[PDB]
Structures are given as C-alpha cells and as structure tokens.
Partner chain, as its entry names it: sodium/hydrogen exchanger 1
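First, one chain by itself: the form deposited without the partner chain, in structure tokens.
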C-alpha cells in the first residue's frame, strides 16, 4: 500500500481544508461549510449521513486516518472509472455517446478480431439494457462492474 511523504502531505492539505479549526477532527458543521463553498446546501441529516459513512470508529467526527482511508479509496474508484471512460470514448468512434454495432465491429477489427454482424449484434444485445439498439456509458460500465 503506497503512501509517500509527498502523498501524506497532500492528504494533510486536503484534511486541513475540512478541519476549519485545526483540532484534528472534522465535524458535521465543518463539512457543511465546505459543502456550501462547493455550491451545495445539505441539511443536517444529510451531513450526518456523510460523516457516518466515513466515521469508522463511530465517535461522531472524522480523524485523519479515517479521512485518508476514505479519500484514498475514492481516488482509486475515480482512477478506475476514468480508465473505463477513456476506453468508452475510444470505442465510441463518432463521439455520440453510444457504441453502435458497426463501431463495435470496427473496434474488434482493430484488435485483430473479425466478427460478423450477427456476432456483434449479439454482443450489443447482451449489454443493451434499455433496448435502444446501442450501448451507452451506463450500460458499458455495468458490463465492467
């Protein structure tokens, strides 16, 4: 598990943005302040749900280890999702937000595989949850996860 000196410093910088009074904990109120600066307006119940899911020891506030543990997991999810989004843009040759059978067939060709229309149509139907005849990003991601 990688955590360099520089990575630790960056986590403390992010933590300090939340930890308004520098006591080493993040409360629901400090989280509200940050969320409002992002243009959101959560209720106290919503803030408590956000704290609760990060608050591993259940003492009501977020300490650095809890914060870093959650942030590192979120960063990995975001990295992984971005890799999936990049693949989707590559497959979606005309950039219209759907992978068509023809696009999928050309993709296969470029990867050294020759499929018939029949075979690619099958692959599309497999992923085409909403029945529009093509594969959108949500449908693609569902096949990856």
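Positions refer to the first chain, counted from 1.
Below: the form deposited with the partner chain bound, not depicted.
Peer 1: Would you classify residue 23 as touching the partner chain in the deposited bound form, given a 4.5 Å non-hydrogen atom cut-off?
Peer 2: Output for residue 23 is no: heavy atoms all beyond 4.5 Å of the partner chain.
Peer 1: Evaluate residue 40 for contact with the partner chain in the deposited bound form, applying a 4.5 angstroms cut-off between non-hydrogen atoms, and reply yes or no.
Peer 2: It does: once the partner chain is placed as it appears in the deposited bound form, residue 40 has a heavy atom within 4.5 Å of it.
Peer 1: Output the sequence-ordered list of residues from 118-145 with at least one heavy atom within 4.5 Å of the partner chain in the deposited bound form.
Peer 2: Counting only heavy atoms within 4.5 Å of the partner chain in the deposited bound form, the contacting residues of 118-145 are 125, 126, 127, 128, 129, 137, 138, 141, 142.
Peer 1: Of 95, 110, 55, 77, which one sits right at the hinge of the rigid motion between the shown form and the other one?
Peer 2: For the motion described, the hinge option is 77.
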